[PDB]
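Report on one structure; see the data block that follows.
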2 protein chains.
Amino acid sequence: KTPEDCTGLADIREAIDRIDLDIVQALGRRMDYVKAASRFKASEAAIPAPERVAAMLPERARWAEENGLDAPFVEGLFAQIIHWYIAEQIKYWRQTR
Amino acid sequence: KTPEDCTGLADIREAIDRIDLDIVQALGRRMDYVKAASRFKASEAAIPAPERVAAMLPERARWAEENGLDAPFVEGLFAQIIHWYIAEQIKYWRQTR
Ligand SMILES: O=C(O)c1ccccc1O
Ligand SMILES: O=C(O)c1ccccc1O
């Protein structure tokens with residue numbers, strides 16, 4: 001149901017649970033691409049790609065802005081996420097070669 | 001392209017940007033449902049529903065477990081997301097109710 005067709009918290013919570021599961025499934029598939037990424041790193045030191053992160057974060061802020069969400073909170077959340085995936089990628093690189 | 005069909009970082013980053021966009025879009029729609037939730041609350045006090053949050057978090061850990069992601073990271077990320085939405089819902093309630 002749309003937010004305005006929701007008759008109570010049962011409806012609201014079904015939709016929220018679905019959206020959050022979608023997010024979890026996307027973060028899981030995100031990990032697949034991050035591991036695949038390590039095939040195109042020339043060295044371990046290539047992994048963090050700070051210029052790439054610098055480009056990503058304002059992009060995510062813009063998306064926040066365009067979707068009616070506080071840009072600082074979303075951008076900072078994605079800073080945490082991206083740096084966490086980087087850390088995982090390093091660990092994965094080390095463990096698989 | 002699938003992670004395994006990606007032929008370089010150009011392909012990897014296209015898919016990651018698509019995934020991160022879907023996540024921002026989903027957080028955007030989630031906000032609509034959180035604000036709609038408020039017309040089913042009594043005062044600033046019924047808003048945080050601690051019994052609801054407590055059931056939510058290990059459900060999110062489980063989904064992370066089933067999607068091959070570190071469960072504390074995902075559980076911790078959602079504690080952060082959920083508590084920020086509660087905050088926004090209180091602000092929203094003050095502003096409109
Ligand atoms: O996960 C990412 O988005 C990322 C970005 C830059 C470098 C390494 C990474 O894992
Ligand atoms: O955003 C939520 O998931 C939430 C959960 C419990 C209480 C208030 C809320 O906004």
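Each chain in the structure tokens gets a letter, A, B and so on, in the order shown; residues start at 1 in every chain, and ligands are counted from 1 in the order they appear.
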
Chain B least-squares fitted onto chain A over all paired C-alpha atoms, as a JSON list (two decimals) with C-alpha atoms, in the first residue's frame:
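The resulting selection.json:
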```
[["chain", "number", "residue", "atom", "x", "y", "z"],
["B", 1, "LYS", "CA", 0.13, 0.12, 0.08],
["B", 2, "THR", "CA", 1.22, 3.73, -0.45],
["B", 3, "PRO", "CA", 2.06, 5.75, 2.72],
["B", 4, "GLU", "CA", -1.28, 7.60, 2.38],
["B", 5, "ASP", "CA", -3.29, 4.32, 1.94],
["B", 6, "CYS", "CA", -1.81, 2.72, 5.07],
["B", 7, "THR", "CA", -4.63, 2.21, 7.56],
["B", 8, "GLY", "CA", -2.41, 1.74, 10.63],
["B", 9, "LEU", "CA", 1.01, 0.76, 11.92],
["B", 10, "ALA", "CA", 0.43, -2.84, 10.68],
["B", 11, "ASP", "CA", 0.53, -1.45, 7.12],
["B", 12, "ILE", "CA", 3.34, 1.08, 7.85],
["B", 13, "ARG", "CA", 5.60, -1.63, 9.37],
["B", 14, "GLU", "CA", 4.94, -4.09, 6.53],
["B", 15, "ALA", "CA", 6.22, -1.49, 4.04],
["B", 16, "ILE", "CA", 9.13, -0.45, 6.22],
["B", 17, "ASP", "CA", 10.22, -4.08, 6.68],
["B", 18, "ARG", "CA", 9.98, -4.53, 2.87],
["B", 19, "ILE", "CA", 12.13, -1.41, 2.34],
["B", 20, "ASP", "CA", 14.76, -2.42, 4.93],
["B", 21, "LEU", "CA", 14.87, -5.93, 3.37],
["B", 22, "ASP", "CA", 15.46, -4.41, -0.10],
["B", 23, "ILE", "CA", 18.31, -2.35, 1.42],
["B", 24, "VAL", "CA", 20.01, -5.37, 3.01],
["B", 25, "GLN", "CA", 19.57, -7.29, -0.26],
["B", 26, "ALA", "CA", 21.17, -4.37, -2.18],
["B", 27, "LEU", "CA", 24.08, -4.16, 0.30],
["B", 28, "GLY", "CA", 24.43, -7.92, -0.28],
["B", 29, "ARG", "CA", 24.66, -7.51, -4.08],
["B", 30, "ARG", "CA", 26.93, -4.47, -3.68],
["B", 31, "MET", "CA", 29.41, -6.74, -1.84],
["B", 32, "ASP", "CA", 29.59, -9.05, -4.86],
["B", 33, "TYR", "CA", 30.59, -6.06, -7.03],
["B", 34, "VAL", "CA", 33.13, -4.85, -4.48],
["B", 35, "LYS", "CA", 34.84, -8.27, -4.41],
["B", 36, "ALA", "CA", 34.80, -8.48, -8.21],
["B", 37, "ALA", "CA", 36.43, -5.00, -8.26],
["B", 38, "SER", "CA", 39.51, -6.51, -6.55],
["B", 39, "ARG", "CA", 40.63, -8.52, -9.60],
["B", 40, "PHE", "CA", 41.13, -5.06, -11.17],
["B", 41, "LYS", "CA", 43.41, -3.80, -8.33],
["B", 42, "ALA", "CA", 47.24, -4.08, -8.07],
["B", 43, "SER", "CA", 47.92, -4.40, -4.34],
["B", 44, "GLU", "CA", 46.36, -3.46, -1.00],
["B", 45, "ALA", "CA", 47.36, 0.09, -2.06],
["B", 46, "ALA", "CA", 45.29, 0.65, -5.24],
["B", 47, "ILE", "CA", 42.17, -0.62, -3.41],
["B", 48, "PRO", "CA", 40.90, 2.53, -1.52],
["B", 49, "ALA", "CA", 40.81, 4.79, -4.66],
["B", 50, "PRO", "CA", 40.53, 8.12, -2.73],
["B", 51, "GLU", "CA", 39.74, 10.11, -5.94],
["B", 52, "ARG", "CA", 36.80, 7.72, -6.53],
["B", 53, "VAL", "CA", 35.42, 8.08, -2.96],
["B", 54, "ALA", "CA", 35.69, 11.90, -3.21],
["B", 55, "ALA", "CA", 33.47, 12.02, -6.28],
["B", 56, "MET", "CA", 31.07, 9.40, -4.83],
["B", 57, "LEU", "CA", 30.14, 11.27, -1.64],
["B", 58, "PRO", "CA", 28.75, 14.52, -3.09],
["B", 59, "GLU", "CA", 26.95, 12.47, -5.77],
["B", 60, "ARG", "CA", 25.24, 10.68, -2.87],
["B", 61, "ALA", "CA", 24.46, 14.02, -1.19],
["B", 62, "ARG", "CA", 22.86, 15.23, -4.45],
["B", 63, "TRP", "CA", 20.60, 12.12, -4.66],
["B", 64, "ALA", "CA", 19.53, 12.75, -1.08],
["B", 65, "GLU", "CA", 18.75, 16.37, -1.98],
["B", 66, "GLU", "CA", 16.60, 15.18, -4.92],
["B", 67, "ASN", "CA", 14.80, 12.60, -2.74],
["B", 68, "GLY", "CA", 13.87, 14.97, 0.10],
["B", 69, "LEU", "CA", 16.29, 13.70, 2.72],
["B", 70, "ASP", "CA", 18.80, 15.49, 4.90],
["B", 71, "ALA", "CA", 22.01, 15.57, 2.84],
["B", 72, "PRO", "CA", 24.57, 15.42, 5.67],
["B", 73, "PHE", "CA", 22.87, 12.33, 7.17],
["B", 74, "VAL", "CA", 22.85, 10.48, 3.86],
["B", 75, "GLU", "CA", 26.33, 11.67, 2.95],
["B", 76, "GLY", "CA", 27.59, 10.63, 6.39],
["B", 77, "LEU", "CA", 25.85, 7.25, 6.19],
["B", 78, "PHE", "CA", 27.60, 6.57, 2.88],
["B", 79, "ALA", "CA", 31.02, 7.62, 4.13],
["B", 80, "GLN", "CA", 30.45, 4.88, 6.72],
["B", 81, "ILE", "CA", 29.19, 2.28, 4.19],
["B", 82, "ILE", "CA", 31.91, 3.03, 1.61],
["B", 83, "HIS", "CA", 34.80, 2.88, 4.10],
["B", 84, "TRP", "CA", 33.46, -0.43, 5.49],
["B", 85, "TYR", "CA", 33.36, -1.92, 1.94],
["B", 86, "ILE", "CA", 36.94, -0.67, 1.29],
["B", 87, "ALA", "CA", 37.94, -2.45, 4.50],
["B", 88, "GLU", "CA", 36.15, -5.60, 3.45],
["B", 89, "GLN", "CA", 37.79, -5.38, 0.01],
["B", 90, "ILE", "CA", 41.26, -5.18, 1.57],
["B", 91, "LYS", "CA", 40.48, -8.21, 3.78],
["B", 92, "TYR", "CA", 39.05, -10.03, 0.76],
["B", 93, "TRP", "CA", 42.22, -9.24, -1.29],
["B", 94, "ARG", "CA", 44.52, -10.45, 1.50],
["B", 95, "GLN", "CA", 42.48, -13.65, 1.82],
["B", 96, "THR", "CA", 42.24, -14.48, -1.92],
["B", 97, "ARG", "CA", 45.09, -12.52, -3.63]]
```

Legend entry - Test item, helix (DSSP H, G or I) assignment across chain B, answer as a ChimeraX atom specification: /B:9-40,50-66,71-96
